[PDB]
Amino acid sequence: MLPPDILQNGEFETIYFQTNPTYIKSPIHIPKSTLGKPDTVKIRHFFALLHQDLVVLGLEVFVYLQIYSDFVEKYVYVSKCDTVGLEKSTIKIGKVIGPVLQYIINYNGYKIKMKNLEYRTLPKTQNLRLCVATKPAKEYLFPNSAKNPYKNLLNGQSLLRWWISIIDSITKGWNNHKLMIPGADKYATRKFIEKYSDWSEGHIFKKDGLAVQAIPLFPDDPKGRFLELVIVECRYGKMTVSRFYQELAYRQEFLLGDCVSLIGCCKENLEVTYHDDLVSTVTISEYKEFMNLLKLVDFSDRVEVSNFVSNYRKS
């Protein structure tokens, strides 16, 4: 999951666990009368890097498996990424996030129960979709870390360049790499990817038809929040994909935001081998319990951070 030059035989330690794979309703609306409706299985991944008894950084990723008869549409959604900054940075954050994210993308050892009505065997054909929204915020996972002396806080354009760099490095050879910056003109968007030959402006989803039938509604996502509104106001039947992205640009999050951007990459028709890889797996309740404990930690306070960490080690 990480190279030895980073871990350094115990100087650093990791927290990594997944939820047990859980069936959910599709994050992309599928009509009841649609040929070959797929089963959706969701897995939450949490990763943190530790240095002695302090947290250094964290990454939360959700994987969605849309399981059809002969293939899987696999969505990998970056939920949260953050640093603590209590100590002087000794590793470049990207050299950890990149490899961890690649690991999660390519992980294929899920223990999926049969759907009601042993374990399920997934199709070998997988189509990958990686989805990341870049939105500058002082804290995404570690409350009160913004005032920490060594937390390097990127502005929106810098954060975007950083994510493009990270994602490009772990999607080598993928079928597309899409950048959208809602509300920006094409030249402004093109500037960020002029040095990336495989990247183009736009998005990875179905271009036509109703937005709710094309765009996944992910938790705590800028598109997701707008999709939620479209659905609540029962406009799911009228709002097209093009109009959705047009109007998304005028949302307060975007129009008052700092270079808030949407990245998507695809890889089609990857044959994959199932491989069991023994990692810690927890119930969703255990996962939520951990995340709730996290949100009550003052990450400007070494005492509380050390306490949180040692308490996790106890389990």
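In case it trips you up, residue 1 is the first one in the sequence shown, and so on.
Inset, instruction - Could you bin the unmodelled part of the deposited chain lying between residue 117 and residue 118 as none, 1 to 3, 4 to 9, or 10 or more? - result: The entry has 10 or more unmodelled residues between residue 117 and residue 118.
Inset, instruction - Going by the average Cα B-factor in the PDB entry, point out whether 169-177 or 231-239 comes out higher. - result: The stretch with the larger mean CA B-factor is 231-239.
Legend entry - 121-129 versus 84-92 - greater average Cα B-factor per the deposited record: Mean CA B-factor is higher for 84-92.
Legend entry - Out of 261, 34, 252, 281, residue topping the C-alpha B-factor column of the entry: Of the options given, 34 has the highest CA B-factor in the PDB entry.
Inset, instruction - Please work out which residue in 265, 67, 248, 30 has the highest C-alpha B-factor recorded for this crystal structure. - result: Of the options given, 30 has the highest CA B-factor in the PDB entry.
Legend entry - residue 52 by Cα B-factor - lowest, middle or highest third of the modelled chain: Ranked within chain, residue 52 CA B lands in the highest tercile.
Legend entry - Chain-wide C-alpha B factor ranking for residue 216, given as lowest, middle or highest third: For residue 216, whose C-alpha B-factor we compare with every modelled residue in the chain, the answer is the lowest third.
Legend entry - Cα B factor band for residue 144 (lowest, middle or highest third within the chain): As the PDB entry reports it, the C-alpha B-factor of residue 144 lands in the highest third of its chain.
Inset, instruction - Report the third (lowest, middle or highest) to which the CA temperature factor of residue 274 belongs, ranking only the modelled residues of the same chain. - result: Highest third.
Legend entry - residue 102 - which third its CA temperature factor falls in, relative to the rest of the chain: Lowest third - that is where residue 102 ends up once the chain's C-alpha B-factors are sorted.
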